[PDB]
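Peer 1: mmCIF, C-alpha atoms, file target_6.cif:
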```
data_run
#
loop_
_atom_site.group_PDB
_atom_site.id
_atom_site.type_symbol
_atom_site.label_atom_id
_atom_site.label_comp_id
_atom_site.auth_asym_id
_atom_site.auth_seq_id
_atom_site.Cartn_x
_atom_site.Cartn_y
_atom_site.Cartn_z
ATOM 1 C CA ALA A 5 -15.024 -42.853 82.486
ATOM 2 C CA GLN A 6 -14.930 -42.002 78.758
ATOM 3 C CA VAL A 7 -18.342 -41.525 77.176
ATOM 4 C CA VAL A 8 -18.492 -43.739 74.057
ATOM 5 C CA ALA A 9 -21.189 -44.177 71.426
ATOM 6 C CA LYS A 10 -20.909 -47.784 70.263
ATOM 7 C CA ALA A 11 -22.428 -50.158 67.689
ATOM 8 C CA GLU A 12 -21.275 -53.735 66.891
ATOM 9 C CA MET A 13 -22.386 -56.416 64.390
ATOM 10 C CA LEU A 14 -21.352 -59.739 62.860
ATOM 11 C CA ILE A 15 -21.031 -59.373 59.069
ATOM 12 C CA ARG A 16 -21.107 -62.792 57.504
ATOM 13 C CA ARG A 17 -18.342 -62.188 54.913
ATOM 14 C CA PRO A 18 -14.515 -62.519 54.923
ATOM 15 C CA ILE A 19 -12.603 -59.936 56.933
ATOM 16 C CA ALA A 20 -10.690 -58.631 53.917
ATOM 17 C CA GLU A 21 -13.998 -57.716 52.206
ATOM 18 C CA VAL A 22 -15.619 -56.218 55.335
ATOM 19 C CA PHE A 23 -12.469 -54.113 55.990
ATOM 20 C CA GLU A 24 -12.306 -52.949 52.355
ATOM 21 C CA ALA A 25 -15.960 -51.823 52.613
ATOM 22 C CA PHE A 26 -14.735 -48.931 54.807
ATOM 23 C CA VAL A 27 -11.444 -48.259 52.912
ATOM 24 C CA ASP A 28 -12.802 -48.047 49.368
ATOM 25 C CA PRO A 29 -15.433 -45.240 49.142
ATOM 26 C CA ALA A 30 -16.998 -46.813 46.017
ATOM 27 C CA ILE A 31 -18.217 -49.527 48.430
ATOM 28 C CA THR A 32 -18.856 -47.342 51.492
ATOM 29 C CA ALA A 33 -21.147 -45.161 49.360
ATOM 30 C CA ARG A 34 -23.540 -48.133 48.963
ATOM 31 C CA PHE A 35 -24.496 -47.864 52.629
ATOM 32 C CA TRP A 36 -23.231 -44.678 54.269
ATOM 33 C CA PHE A 37 -22.269 -41.375 52.629
ATOM 34 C CA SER A 38 -22.866 -40.253 49.054
ATOM 35 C CA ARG A 39 -19.247 -40.203 47.871
ATOM 36 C CA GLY A 40 -15.725 -40.066 49.288
ATOM 37 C CA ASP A 41 -12.662 -38.490 47.690
ATOM 38 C CA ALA A 42 -10.178 -41.393 48.011
ATOM 39 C CA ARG A 43 -9.237 -44.738 49.578
ATOM 40 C CA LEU A 44 -8.395 -44.496 53.282
ATOM 41 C CA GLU A 45 -4.642 -44.530 54.028
ATOM 42 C CA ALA A 46 -2.716 -43.733 57.194
ATOM 43 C CA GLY A 47 -2.144 -40.016 57.697
ATOM 44 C CA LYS A 48 -4.347 -38.878 54.844
ATOM 45 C CA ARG A 49 -6.889 -36.034 54.924
ATOM 46 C CA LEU A 50 -9.923 -36.375 52.656
ATOM 47 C CA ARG A 51 -13.573 -35.462 52.363
ATOM 48 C CA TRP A 52 -16.757 -37.531 52.784
ATOM 49 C CA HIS A 53 -19.944 -36.048 51.261
ATOM 50 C CA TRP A 54 -23.612 -36.586 52.169
ATOM 51 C CA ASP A 55 -25.274 -35.223 49.025
ATOM 52 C CA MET A 56 -28.727 -35.940 50.372
ATOM 53 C CA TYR A 57 -28.026 -33.496 53.210
ATOM 54 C CA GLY A 58 -26.114 -30.344 52.817
ATOM 55 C CA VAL A 59 -23.029 -31.744 54.358
ATOM 56 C CA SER A 60 -19.463 -32.792 53.759
ATOM 57 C CA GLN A 61 -16.717 -33.361 56.314
ATOM 58 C CA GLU A 62 -12.944 -33.338 56.107
ATOM 59 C CA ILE A 63 -11.533 -36.292 58.016
ATOM 60 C CA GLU A 64 -8.050 -37.461 58.901
ATOM 61 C CA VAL A 65 -7.029 -41.114 59.013
ATOM 62 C CA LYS A 66 -5.105 -41.336 62.264
ATOM 63 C CA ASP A 67 -4.488 -45.100 62.178
ATOM 64 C CA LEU A 68 -5.033 -47.816 59.585
ATOM 65 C CA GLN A 69 -4.075 -51.429 60.337
ATOM 66 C CA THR A 70 -5.119 -53.754 57.564
ATOM 67 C CA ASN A 71 -8.095 -55.956 58.504
ATOM 68 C CA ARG A 72 -7.822 -54.892 62.167
ATOM 69 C CA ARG A 73 -8.386 -51.194 62.852
ATOM 70 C CA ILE A 74 -9.340 -47.814 61.410
ATOM 71 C CA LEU A 75 -9.133 -44.658 63.491
ATOM 72 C CA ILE A 76 -10.209 -41.398 61.959
ATOM 73 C CA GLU A 77 -10.560 -37.916 63.444
ATOM 74 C CA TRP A 78 -12.710 -34.906 62.541
ATOM 75 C CA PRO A 79 -10.677 -31.628 62.720
ATOM 76 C CA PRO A 85 -10.942 -33.782 68.252
ATOM 77 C CA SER A 86 -13.870 -36.229 67.950
ATOM 78 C CA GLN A 87 -12.651 -39.650 66.885
ATOM 79 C CA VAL A 88 -14.219 -42.857 65.604
ATOM 80 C CA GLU A 89 -12.521 -46.229 65.847
ATOM 81 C CA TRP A 90 -13.403 -49.375 63.850
ATOM 82 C CA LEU A 91 -12.164 -52.733 65.158
ATOM 83 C CA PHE A 92 -12.464 -55.906 63.067
ATOM 84 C CA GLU A 93 -12.155 -59.434 64.508
ATOM 85 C CA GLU A 94 -12.532 -62.674 62.589
ATOM 86 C CA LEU A 95 -15.101 -65.214 63.844
ATOM 87 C CA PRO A 96 -13.670 -68.269 62.043
ATOM 88 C CA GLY A 97 -16.117 -70.039 59.755
ATOM 89 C CA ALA A 98 -18.824 -67.428 60.063
ATOM 90 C CA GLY A 99 -17.587 -63.925 59.305
ATOM 91 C CA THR A 100 -16.309 -60.647 60.689
ATOM 92 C CA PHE A 101 -17.321 -58.945 63.923
ATOM 93 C CA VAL A 102 -17.138 -55.151 63.487
ATOM 94 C CA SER A 103 -17.143 -52.723 66.424
ATOM 95 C CA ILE A 104 -17.474 -48.926 66.036
ATOM 96 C CA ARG A 105 -16.636 -46.623 68.926
ATOM 97 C CA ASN A 106 -17.075 -42.836 68.823
ATOM 98 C CA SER A 107 -15.509 -40.678 71.509
ATOM 99 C CA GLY A 108 -14.957 -36.979 72.177
ATOM 100 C CA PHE A 109 -18.289 -35.858 73.680
ATOM 101 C CA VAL A 110 -17.646 -32.782 75.841
ATOM 102 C CA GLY A 111 -20.207 -30.994 77.982
ATOM 103 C CA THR A 112 -22.597 -31.620 80.835
ATOM 104 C CA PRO A 113 -23.638 -35.254 80.867
ATOM 105 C CA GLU A 114 -27.269 -34.370 80.097
ATOM 106 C CA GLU A 115 -26.191 -32.335 77.128
ATOM 107 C CA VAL A 116 -24.168 -35.365 75.980
ATOM 108 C CA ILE A 117 -26.829 -38.069 76.468
ATOM 109 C CA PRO A 118 -28.723 -36.875 73.335
ATOM 110 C CA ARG A 119 -25.461 -36.597 71.393
ATOM 111 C CA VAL A 120 -24.456 -40.112 72.397
ATOM 112 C CA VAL A 121 -27.932 -41.349 71.434
ATOM 113 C CA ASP A 122 -27.709 -39.795 67.986
ATOM 114 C CA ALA A 123 -24.189 -41.122 67.339
ATOM 115 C CA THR A 124 -25.106 -44.633 68.509
ATOM 116 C CA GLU A 125 -28.143 -44.789 66.289
ATOM 117 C CA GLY A 126 -26.147 -43.394 63.367
ATOM 118 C CA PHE A 127 -23.353 -45.970 63.585
ATOM 119 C CA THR A 128 -25.879 -48.738 64.154
ATOM 120 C CA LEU A 129 -27.443 -47.633 60.854
ATOM 121 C CA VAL A 130 -23.994 -47.781 59.187
ATOM 122 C CA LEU A 131 -23.509 -51.406 60.299
ATOM 123 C CA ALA A 132 -27.019 -52.583 59.397
ATOM 124 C CA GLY A 133 -26.633 -51.022 55.935
ATOM 125 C CA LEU A 134 -23.190 -52.629 55.644
ATOM 126 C CA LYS A 135 -24.693 -56.019 56.502
ATOM 127 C CA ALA A 136 -27.573 -55.734 53.997
ATOM 128 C CA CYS A 137 -25.180 -54.605 51.279
ATOM 129 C CA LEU A 138 -22.537 -57.307 51.755
ATOM 130 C CA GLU A 139 -24.758 -60.233 52.730
ATOM 131 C CA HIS A 140 -27.784 -59.530 50.487
ATOM 132 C CA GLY A 141 -26.689 -57.077 47.759
ATOM 133 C CA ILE A 142 -29.500 -54.730 48.865
ATOM 134 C CA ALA A 143 -29.311 -50.949 49.346
ATOM 135 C CA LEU A 144 -31.399 -50.370 52.457
ATOM 136 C CA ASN A 145 -31.152 -46.550 52.292
ATOM 137 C CA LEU A 146 -31.110 -46.253 56.127
ATOM 138 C CA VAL A 147 -29.042 -43.049 56.098
ATOM 139 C CA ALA A 148 -31.331 -41.127 53.724
ATOM 140 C CA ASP A 149 -34.566 -42.383 55.207
ATOM 141 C CA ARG A 150 -33.623 -41.490 58.802
ATOM 142 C CA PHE A 151 -34.181 -37.807 57.919
ATOM 143 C CA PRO A 152 -36.779 -37.709 55.135
ATOM 144 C CA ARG A 153 -38.009 -34.480 53.619
ATOM 145 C CA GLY A 154 -41.057 -33.089 55.268
ATOM 146 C CA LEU A 155 -39.905 -34.339 58.645
ATOM 147 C CA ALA B 5 -36.569 -33.864 81.956
ATOM 148 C CA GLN B 6 -35.888 -37.578 81.332
ATOM 149 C CA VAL B 7 -33.279 -39.732 79.615
ATOM 150 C CA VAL B 8 -34.620 -41.429 76.485
ATOM 151 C CA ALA B 9 -33.080 -44.003 74.225
ATOM 152 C CA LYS B 10 -34.644 -43.422 70.867
ATOM 153 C CA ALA B 11 -34.588 -44.614 67.280
ATOM 154 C CA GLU B 12 -36.613 -43.348 64.312
ATOM 155 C CA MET B 13 -36.974 -44.441 60.661
ATOM 156 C CA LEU B 14 -39.124 -43.994 57.551
ATOM 157 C CA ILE B 15 -40.641 -47.287 56.413
ATOM 158 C CA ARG B 16 -41.874 -47.045 52.858
ATOM 159 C CA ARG B 17 -45.117 -49.015 53.268
ATOM 160 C CA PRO B 18 -48.667 -47.963 54.294
ATOM 161 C CA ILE B 19 -49.178 -47.112 57.924
ATOM 162 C CA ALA B 20 -51.646 -49.967 58.524
ATOM 163 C CA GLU B 21 -49.054 -52.569 57.476
ATOM 164 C CA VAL B 22 -46.208 -50.940 59.401
ATOM 165 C CA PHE B 23 -48.409 -50.779 62.564
ATOM 166 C CA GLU B 24 -49.558 -54.408 62.145
ATOM 167 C CA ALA B 25 -45.951 -55.555 61.980
ATOM 168 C CA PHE B 26 -45.699 -54.836 65.697
ATOM 169 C CA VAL B 27 -49.160 -56.203 66.671
ATOM 170 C CA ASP B 28 -48.937 -59.662 64.990
ATOM 171 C CA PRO B 29 -46.047 -61.777 66.353
ATOM 172 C CA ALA B 30 -46.063 -63.864 63.199
ATOM 173 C CA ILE B 31 -44.777 -60.640 61.545
ATOM 174 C CA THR B 32 -42.694 -59.188 64.385
ATOM 175 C CA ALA B 33 -40.737 -62.435 64.708
ATOM 176 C CA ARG B 34 -39.396 -61.914 61.157
ATOM 177 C CA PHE B 35 -37.253 -59.025 62.387
ATOM 178 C CA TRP B 36 -37.128 -58.884 66.185
ATOM 179 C CA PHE B 37 -37.843 -61.561 68.793
ATOM 180 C CA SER B 38 -38.197 -65.340 68.213
ATOM 181 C CA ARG B 39 -41.865 -65.538 69.209
ATOM 182 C CA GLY B 40 -44.591 -63.712 71.079
ATOM 183 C CA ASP B 41 -47.399 -65.572 72.650
ATOM 184 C CA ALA B 42 -50.289 -63.224 71.743
ATOM 185 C CA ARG B 43 -51.380 -60.527 69.350
ATOM 186 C CA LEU B 44 -50.973 -57.129 71.039
ATOM 187 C CA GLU B 45 -54.215 -55.722 72.524
ATOM 188 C CA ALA B 46 -54.901 -52.928 74.988
ATOM 189 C CA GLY B 47 -54.275 -54.178 78.518
ATOM 190 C CA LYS B 48 -52.873 -57.562 77.467
ATOM 191 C CA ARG B 49 -50.103 -59.286 79.459
ATOM 192 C CA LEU B 50 -47.821 -61.111 77.057
ATOM 193 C CA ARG B 51 -44.462 -62.785 76.871
ATOM 194 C CA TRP B 52 -41.897 -62.193 74.145
ATOM 195 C CA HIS B 53 -39.069 -64.739 73.690
ATOM 196 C CA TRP B 54 -35.548 -64.453 72.283
ATOM 197 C CA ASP B 55 -34.870 -68.178 71.911
ATOM 198 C CA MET B 56 -31.442 -67.509 70.336
ATOM 199 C CA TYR B 57 -30.424 -65.953 73.672
ATOM 200 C CA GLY B 58 -32.497 -68.025 76.097
ATOM 201 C CA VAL B 59 -34.282 -64.862 77.253
ATOM 202 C CA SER B 60 -37.938 -64.030 77.551
ATOM 203 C CA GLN B 61 -39.709 -60.966 78.917
ATOM 204 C CA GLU B 62 -43.232 -60.403 80.179
ATOM 205 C CA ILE B 63 -44.718 -57.158 78.883
ATOM 206 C CA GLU B 64 -47.947 -55.215 79.429
ATOM 207 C CA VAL B 65 -49.683 -53.220 76.714
ATOM 208 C CA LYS B 66 -50.555 -49.905 78.396
ATOM 209 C CA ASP B 67 -51.937 -48.214 75.280
ATOM 210 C CA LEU B 68 -52.751 -49.318 71.737
ATOM 211 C CA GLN B 69 -54.011 -46.680 69.304
ATOM 212 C CA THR B 70 -54.526 -48.250 65.897
ATOM 213 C CA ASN B 71 -52.025 -46.893 63.356
ATOM 214 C CA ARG B 72 -50.858 -44.227 65.803
ATOM 215 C CA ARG B 73 -49.226 -45.358 69.023
ATOM 216 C CA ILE B 74 -48.138 -48.403 71.059
ATOM 217 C CA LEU B 75 -47.058 -48.089 74.711
ATOM 218 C CA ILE B 76 -45.602 -51.169 76.462
ATOM 219 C CA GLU B 77 -44.332 -51.538 80.014
ATOM 220 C CA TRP B 78 -41.826 -54.070 81.494
ATOM 221 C CA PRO B 79 -41.849 -54.574 85.332
ATOM 222 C CA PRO B 85 -40.857 -49.821 85.271
ATOM 223 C CA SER B 86 -39.271 -49.299 81.863
ATOM 224 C CA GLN B 87 -41.608 -48.148 79.086
ATOM 225 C CA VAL B 88 -41.321 -48.214 75.314
ATOM 226 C CA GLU B 89 -43.400 -45.909 73.053
ATOM 227 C CA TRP B 90 -43.835 -46.409 69.299
ATOM 228 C CA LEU B 91 -45.323 -43.450 67.419
ATOM 229 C CA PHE B 92 -46.439 -43.903 63.782
ATOM 230 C CA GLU B 93 -47.006 -40.971 61.436
ATOM 231 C CA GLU B 94 -47.959 -40.908 57.795
ATOM 232 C CA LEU B 95 -45.475 -38.986 55.617
ATOM 233 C CA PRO B 96 -47.903 -38.861 52.695
ATOM 234 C CA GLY B 97 -45.300 -38.259 49.987
ATOM 235 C CA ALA B 98 -42.966 -40.946 51.462
ATOM 236 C CA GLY B 99 -44.438 -43.545 53.823
ATOM 237 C CA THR B 100 -44.730 -44.196 57.561
ATOM 238 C CA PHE B 101 -42.334 -42.474 60.001
ATOM 239 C CA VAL B 102 -41.816 -44.700 63.060
ATOM 240 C CA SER B 103 -40.367 -43.382 66.317
ATOM 241 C CA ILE B 104 -39.377 -45.528 69.291
ATOM 242 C CA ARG B 105 -38.678 -43.915 72.663
ATOM 243 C CA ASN B 106 -37.522 -46.026 75.642
ATOM 244 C CA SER B 107 -37.563 -44.422 79.084
ATOM 245 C CA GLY B 108 -37.057 -45.590 82.665
ATOM 246 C CA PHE B 109 -33.280 -45.251 83.110
ATOM 247 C CA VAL B 110 -32.270 -44.522 86.703
ATOM 248 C CA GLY B 111 -29.139 -42.857 87.957
ATOM 249 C CA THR B 112 -27.807 -39.739 86.258
ATOM 250 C CA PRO B 113 -24.169 -40.453 85.409
ATOM 251 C CA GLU B 114 -21.895 -42.867 83.726
ATOM 252 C CA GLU B 115 -24.303 -45.414 85.090
ATOM 253 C CA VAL B 116 -27.070 -44.789 82.555
ATOM 254 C CA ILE B 117 -25.005 -43.848 79.483
ATOM 255 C CA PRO B 118 -23.839 -47.390 78.606
ATOM 256 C CA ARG B 119 -27.461 -48.592 79.078
ATOM 257 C CA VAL B 120 -29.012 -45.843 76.925
ATOM 258 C CA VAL B 121 -26.375 -46.749 74.331
ATOM 259 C CA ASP B 122 -27.361 -50.442 74.483
ATOM 260 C CA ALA B 123 -31.073 -49.583 74.225
ATOM 261 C CA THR B 124 -30.587 -47.068 71.387
ATOM 262 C CA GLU B 125 -28.562 -49.595 69.429
ATOM 263 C CA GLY B 126 -31.172 -52.304 70.127
ATOM 264 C CA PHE B 127 -34.186 -50.297 68.927
ATOM 265 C CA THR B 128 -32.224 -49.047 65.903
ATOM 266 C CA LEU B 129 -31.665 -52.688 64.982
ATOM 267 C CA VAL B 130 -35.415 -53.334 65.358
ATOM 268 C CA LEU B 131 -36.263 -50.582 62.911
ATOM 269 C CA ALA B 132 -33.606 -51.521 60.323
ATOM 270 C CA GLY B 133 -34.792 -55.138 60.439
ATOM 271 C CA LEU B 134 -38.378 -53.866 60.131
ATOM 272 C CA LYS B 135 -37.345 -51.827 57.055
ATOM 273 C CA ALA B 136 -35.498 -54.771 55.439
ATOM 274 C CA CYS B 137 -38.391 -57.122 56.091
ATOM 275 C CA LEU B 138 -41.260 -54.863 54.956
ATOM 276 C CA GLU B 139 -39.564 -53.144 51.993
ATOM 277 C CA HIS B 140 -37.436 -56.047 50.675
ATOM 278 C CA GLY B 141 -38.887 -59.190 52.281
ATOM 279 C CA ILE B 142 -35.460 -60.131 53.673
ATOM 280 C CA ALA B 143 -34.624 -61.407 57.163
ATOM 281 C CA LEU B 144 -31.477 -59.449 58.013
ATOM 282 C CA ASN B 145 -31.048 -61.354 61.311
ATOM 283 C CA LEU B 146 -29.586 -58.341 63.121
ATOM 284 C CA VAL B 147 -30.842 -59.561 66.511
ATOM 285 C CA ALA B 148 -29.246 -63.016 66.336
ATOM 286 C CA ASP B 149 -26.045 -61.694 64.729
ATOM 287 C CA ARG B 150 -25.533 -58.860 67.241
ATOM 288 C CA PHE B 151 -24.243 -61.350 69.915
ATOM 289 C CA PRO B 152 -22.733 -64.267 68.007
ATOM 290 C CA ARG B 153 -21.577 -67.207 70.058
ATOM 291 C CA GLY B 154 -17.858 -67.841 69.880
ATOM 292 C CA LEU B 155 -15.636 -64.741 69.910
#
```
Please lay out the structure from this file as structure tokens.

Peer 2:
Amino acid sequence: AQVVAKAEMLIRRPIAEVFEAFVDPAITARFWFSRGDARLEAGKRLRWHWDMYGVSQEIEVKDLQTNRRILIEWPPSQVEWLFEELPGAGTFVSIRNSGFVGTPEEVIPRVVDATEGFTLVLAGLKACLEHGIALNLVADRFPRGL
Amino acid sequence: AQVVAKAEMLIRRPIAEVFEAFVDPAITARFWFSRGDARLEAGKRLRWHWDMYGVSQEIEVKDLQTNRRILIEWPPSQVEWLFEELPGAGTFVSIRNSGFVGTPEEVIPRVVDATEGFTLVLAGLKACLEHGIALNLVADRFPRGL
């Protein structure tokens, strides 16, 4: 029974726009990381940077199906995005993160943190695309002086 | 040693306003449930309603410490809010939900569901108090159709 961190949300915009919001880093940087090196494409390695932490990460696009699926791997934890149209209303986005190894008891906190983090990604996505607002959920989860 | 679903977030408003957003259902309903049939007080038995889902839950306020802590029980799962002034930034809010039973792949999907759910509460809280916007995360998490 694979242990999966999961977050899902309806985004009330067309699927081509909601999919592009994860492919084009100039959009993704409105709600998730600080900057990304390039557009996602199948088989490509690239870096995502979180300037407000100390952190960047090289990722590899393992699968990219337009308006349907994104699978990326960190060099073997993986994160899958699935996009389904809800006709007339928008795009239902589902994020699943797998690859947690260890005692289940050491993984419960890791699964908690990943679930909250991808839930933040979707809520920021929604505020950005439906309201034009930068909610700053990623930065404000870990404020200075914490 | 207990399993906790948990979500935390900085809300950039004064602690008294951030605390009151959970005590007054005319405020809480802007980002979480549909309605609540009383203001929270120590020892009160209360119902909260999610009319969009046809669901309602009776809750008991076990502890209410003004601007510091709320502890609610459902008939026994418990949810704790802690509120802490980050003087140079705002109000850091932490939600911890305990009362998961079983220790395997039985509790992990439920701690995931709960972590996602309380993360949505805090992002909606942030959007409502900092931007005055109803993000509608709760209703749009389980859209009818699909």

Peer 1: What would the selection look like, as a ChimeraX atom specification, if the PyMOL selection byres ((chain B) within 10 of (chain A)) were run on the coordinates I just shared?

Peer 2: /B:5-16,95-99,101-102,112-118,120-129,131-133,135-136,139-140,142-155

Peer 1: Give as a PyMOL selection string the residues that the PyMOL selection byres ((chain B and resi 52-62) around 9) matches when applied to the coordinates above.

Peer 2: chain B and resi 29+36-42+49-51+63-64+77-79+147-148+151

Peer 1: Expand the PyMOL selection byres ((chain A and resi 71) around 9) into the explicit residue set it covers here, and present it as a PyMOL selection string.

Peer 2: chain A and resi 19-24+68-70+72-74+91-93

Peer 1: For atom CA of residue B:85 and atom CA of residue B:65, determine how far apart the two atoms are, in Å to one decimal place.

Peer 2: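 Interatomic distance, atom CA of residue B:85 to atom CA of residue B:65: 12.8 Å.
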
Peer 1: Between atom CA of residue B:35 and atom CA of residue A:106, what is the distance in Å, rounded to a tenth?

Peer 2: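 Result for atom CA of residue B:35 versus atom CA of residue A:106: 26.7 Å, one decimal.
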
Peer 1: Separation of atom CA of residue A:46 and atom CA of residue A:66, in Å?

Peer 2: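 Computed distance, atom CA of residue A:46 to atom CA of residue A:66, equals 6.1 Å.
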